[PDB]
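Chemist:
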Amino acid sequence: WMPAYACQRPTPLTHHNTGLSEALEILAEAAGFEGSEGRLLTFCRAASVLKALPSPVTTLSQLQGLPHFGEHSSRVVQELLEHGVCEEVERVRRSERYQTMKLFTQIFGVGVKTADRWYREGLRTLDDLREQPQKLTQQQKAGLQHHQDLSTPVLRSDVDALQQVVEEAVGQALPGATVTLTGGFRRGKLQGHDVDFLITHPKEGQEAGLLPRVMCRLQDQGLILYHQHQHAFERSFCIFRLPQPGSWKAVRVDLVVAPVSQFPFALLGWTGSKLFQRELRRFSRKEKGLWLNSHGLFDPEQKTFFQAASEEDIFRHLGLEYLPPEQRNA
Ligand SMILES: Nc1ncnc2c1ncn2[C@@H]1O[C@H](COP(=O)(O)OP(=O)(O)OP(=O)(O)O)[C@@H](O)[C@H]1O
Ligand SMILES: [Mn+2]
Ligand SMILES: [Mn+2]
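Taken in order, the sequence shown gives residues 137 to 367, 384 to 397, 410 to 494; the numbers are from PDB author numbering.
(1) So the beta strand (DSSP E) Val415 belongs to, where does it begin and stop?
(2) Alpha carbon to alpha carbon, how far is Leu334 from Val350? Give it in angstroms, no decimals.
(3) Counting beta carbon pairs with one atom in the segment 277 to 293 and one in the segment 235 to 247, are three or more of them shorter than 8 Å?
(4) Among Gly171, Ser184 and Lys467, which residue has its Cα nearest to the Cα of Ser437?
(5) Go ahead and label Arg229 buried or exposed: buried means 16 or more other beta carbons lie within 10 angstroms of its beta carbon, across all protein chains shown.
(6) Does any heavy atom of ligand 3 sit closer than 7 Å to the C-beta of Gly436?
(7) Under the assumption that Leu439 contacts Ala142 (Cβ atoms under 8 Å), give the Cβ distance between them as a whole number of angstroms.
(8) Enumerate in chain order the residues of its own chain whose CB-to-CB distance from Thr273 is below 8 Å, with the five nearest sequence positions on each side excluded.
(9) Just checking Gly319 against ligand 2 - is the residue's beta carbon closer than 7 Å to any of the ligand's heavy atoms?
(10) Kindly indicate which residue of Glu476, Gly453, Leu444 and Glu475 has the alpha-carbon position closest to the one of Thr468.
(11) Taking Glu165 as the reference, which of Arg181, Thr150, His152 and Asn153 has the closest Cα?
(12) What are the boundary residues of the alpha helix (DSSP H) that includes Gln441?
(13) Using the C-alpha atoms, what's the distance from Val225 back to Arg260?
(14) Which ranges does the alpha helix (DSSP H) cover as unbroken runs of at least 4 residues, wholly within the segment 326 to 357, from first to last along the chain?
(15) So which of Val302, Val295, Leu346 and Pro338 has the shortest CA-CA distance to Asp330?
(16) Going by C-alpha to C-alpha distance, which of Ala309, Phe321 and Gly258 sits closest to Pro289?
(17) How would you call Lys325, buried or exposed, if buried means at least 16 neighbouring beta carbons within 10 angstroms?
(18) Determine whether the beta carbon atoms of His365 and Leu354 lie at a separation below 8 Å.
(19) Should the segment 471 to 479 be called in touch with the segment 415 to 434, which here means at least 3 C-beta pairs below 8 Å?
(20) Going by the C-beta, is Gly328 closer than 7 Å to any heavy atom of ligand 2?
(21) Please report how far the alpha carbon of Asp252 lies from the alpha carbon of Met237, in whole angstroms.
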């Protein structure tokens with residue numbers, strides 16, 4: 137009754153199974169920390185099925201017929217229904233390995249391989265990292281400097297203020313250039329870990345050199361704490393200093421520039437969710453023989469690229485019913 141791929145079904149922002157999906161996602165995350173990519177994807181998929189259900193799962197009977205609910209994920213839900221707690225999940229939560237890997241990987245500029253390296257070298261705390269500055273990139277140093285603020289959920293109100301200053305800077309640098317909110321906030325999330333913006337201009341090539349001008353403008357207003365510009385799309389992964397009444413908050417902001425020919429692919433890729441996009445790309449390759457990414461949709465047999473004006477165009481070309489961003493919360 138429910139389709140196998142996350143991109144074939146709506147997944148709304150709010151759902152009836154948050155306890156169960158959260159528990160499965162702890163196990164997915166822990167698997168990724170150990171390099172167990174298959175196990176990660178398996179738990180992620182099961183959690184996403186629960187998100188798409190129209191009712192709470194009260195009894196294990198309601199598991200019947202559902203895709204991606206193998207033995208292990210079923211046992212986890214069974215323990216939660218019967219005992220209110222799953223021993224395996226609680227052991228993961230209490231473990232020093234999991235707690236440390238979560239601590240490190242949530243730092244700006246730190247991935248799983250870096251976090252694991254540090255773990256294996258005997259580092260455990262944020263102070264441990266500050267004691268070894270030669271082990272840190274400039275990005276990671278900035279992440280540590282602002283870690284309290286960067287751990288604080290970003291709110292819709294923060295997003296609105298940030299979009300205003302980014303739009304002002306973009307508009308003053310280049311009349312006609314546009315700013316589009318992407319990421320989780322485009323999917324309707326009330327809170328997030330950063331804010332993602334996609335910048336373009338309707339005339340191909342007019343976007344050249346725009347981002348550095350935008351950054352200069354923001355820097356001169358005192359709004360930038362950290363900036364790493366990289367000429384993949386031109387992008388700037390930043391920490392903004394967001395003014396607030410009587411104080412200020414550091415906030416992570418990703419700015420991406422795409423040429424307008426690629427904008428639909430970029431918007432689709434950058435809107436997520438991460439699992440939704442993984443599933444959409446797996447679907448495109450496996451079911452339709454096409455390779456999808458943030459730049460385009462390629463037929464490797466014909467050596468052709470699909471011309472899309474909208475996300476809707478891309479869904480249609482892949483034979484999928486269109487899902488608006490708020491239904492991509494897989
Ligand atoms: N810094 C980044 N580097 C690479 N890709 C990114 C980055 N930020 C966003 N994306 C892309 O945009 C989508 C959103 O990514 P992001 O990590 O911001 O998660 P999110 O869905 O916005 O949720 P939240 O940011 O609240 O955790 C993903 O599909 C990803 O491909
Ligand atoms: Mn985001
Ligand atoms: Mn981001």
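Every residue gets a Cβ at the ideal spot worked out from N, C-alpha and C, and that includes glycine.
Modeler: For this structure:
(1) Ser411 to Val421
(2) 13 Å
(3) yes
(4) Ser184
(5) exposed
(6) no
(7) 6 Å
(8) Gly245
(9) yes
(10) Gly453
(11) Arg181
(12) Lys438 to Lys452
(13) 21 Å
(14) 346 to 356
(15) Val295
(16) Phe321
(17) buried
(18) no
(19) yes
(20) yes
(21) 7 Å
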